[PDB]
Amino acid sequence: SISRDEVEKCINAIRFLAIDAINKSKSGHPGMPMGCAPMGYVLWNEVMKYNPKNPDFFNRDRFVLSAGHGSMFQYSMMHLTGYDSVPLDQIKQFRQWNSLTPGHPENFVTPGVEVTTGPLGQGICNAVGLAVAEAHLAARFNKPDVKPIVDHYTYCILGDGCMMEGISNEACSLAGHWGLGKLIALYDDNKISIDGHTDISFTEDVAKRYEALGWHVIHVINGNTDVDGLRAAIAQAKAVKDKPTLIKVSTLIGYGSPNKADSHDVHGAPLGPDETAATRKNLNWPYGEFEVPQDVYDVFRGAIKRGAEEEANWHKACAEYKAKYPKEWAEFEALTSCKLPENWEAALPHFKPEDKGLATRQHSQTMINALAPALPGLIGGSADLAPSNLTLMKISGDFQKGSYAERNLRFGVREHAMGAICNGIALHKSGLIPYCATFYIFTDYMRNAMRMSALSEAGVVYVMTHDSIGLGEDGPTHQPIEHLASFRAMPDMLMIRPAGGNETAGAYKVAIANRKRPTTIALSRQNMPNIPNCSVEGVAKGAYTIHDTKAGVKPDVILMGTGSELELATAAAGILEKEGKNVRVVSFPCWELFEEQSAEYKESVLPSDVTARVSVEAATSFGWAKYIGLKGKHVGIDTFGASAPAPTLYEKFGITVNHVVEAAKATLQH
């Protein structure tokens, strides 16, 4: 198909597209793309299965750049191979306003970028999730007597920064435990990022750690010019079926640059005009700024016909599968379409006040088991112990090596990777709906992956038990206080705190409907009543009125509560009513959804001329002023907790009916 000199020319086109883009932006990271260009050549021209004119081709191989600062690498490949999202005009707007070439790769901007990377380590974990999705669907759907309808590899390029982050060890431990033989990680072993060389903080035996994790390791000593060995390494990775593979590819950062190759300076600053001149000379490249030779395009643009044929062949496979297995095909199509099934929502049960109250962590278990039969894509699990979490799907077993069709995932004590792996599962874009679960307090371990769900529009459902001092004796290491505020402040993340059974159903209904935005649901250890007028529909409104003393009469005072504290507000209202006050009780399960309601709706709940307002929530008062104002009062806890039984903690910290009444009286004086 191609000569060694024309491969070399193709390799250098990748290099100079990156270099010239970063010179023009005056911002960015040329050294990694210069070192990785040979891998890009092999991956995009010889190995990966994809359709550049259809980034949504179900059975494409997935590529993730975990080393996201090297974004000009991926954009160079995508332009070269004919993706319509990265024409040359977009290369020339790297890092500019409203370009499709942001500084770090972003799935939500650029068709053909699978996930969002940049924060180091996230990408490799997302790749693990993408491989889980492939393995799961392959196991559930492939039949032995016809061609496979699910069969693709997951490729990830990562560097020393990714290898230092603990999240990567977590995820790679899991990938080894699960035997994910279609995950292939290419490690850019170039001895750098931002503090000199790596002999300064990073002298561990990375290949030996990966063996310890259950990976197959292959060493490419010369990733600068050994294209044959890169091809051979990738073939050997494919022949190892039962373990993920790490290809350790030694490169020179900034390869080509006479003066700045193998330096820290080429990591995170443009080469600049002088050195770019010298690099063109040194690599014998006569082509001008952004000018890729036509023969190089005729090579890379071969991906267009090759991808069209791959996709046509997969359609052939699917037609033949459908012929023999129409029922299974119909299920595969309905799932992978990402359309939610007709009537799934009716699976959710309803509660009456007469139903004896349960903890919302128990309601949540009810919801998971109600939904799993209705939602073929529901998949997930815990970092915990589902005894102390209640998050298993009774209809399925445990996902493991040799039982990849099973739907319950056991992450171990790996919160951060669990989140990022879930991102990958959702962003496979095959209709899998990932939920994951731990104590709410341990959201602090996994905060960046959770933010990546919100940024990348990945509808992960975060099911978070033990939401407050209600957990009791484990004490303030385990008791959330700031956490609700922290997620309310986070853009594009729903933070739902249901009070009772209906609102827990309501919380899950919103979470499932939000395929493109994550939902965190804060759940109690302790029992709570089913309060009259709490509803499924009320959750969707974010805040809704559940009591007025007198219909049609403006409240004297508004009491707002959430979750386990809503009952303090309803009880306080009864007391205040007996003194002749007109009280409105508002349940506030989701602030974000209340802000998505009309002005008229928000005013109907919280009339602007009623400033006598109390909020109650076993969490900080921080943020509450948005609704309680300067003249209102919060009943909660703004300090850390303490180690004691929950009923003692509620009394000692003053989270009580009597304090709600006192506060209501204070706000009536203003």
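Sequential numbering from 1, following the sequence displayed.
- Legend: mean Cα B-factor per stretch from the PDB entry, 176-184 versus 253-261; the higher mean is in 253-261.
- Relative to one another, 30-38 and 622-630 have unequal mean CA B-factors, and 30-38 is the one with the higher figure.
- When the C-alpha B-factors of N54, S608, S643, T639 are read from the PDB record, the largest value belongs to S608.
- Of the residues listed, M495, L271, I469, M163, the entry assigns the biggest Cα temperature factor to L271.
- Sort the modelled residues of the chain by CA B factor and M528 lands in the highest third.
- Ranked within its chain, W97 lands in the middle third, by CA B factor from the PDB record.
- Split the chain's modelled residues into thirds by C-alpha temperature factor. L88 is in the middle one.
- Among all modelled residues in this chain, the alpha-carbon of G501 has a temperature factor (C-alpha) in the middle third.
- Ranked by C-alpha B-factor against the other modelled residues of its chain, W314 falls in the highest third.
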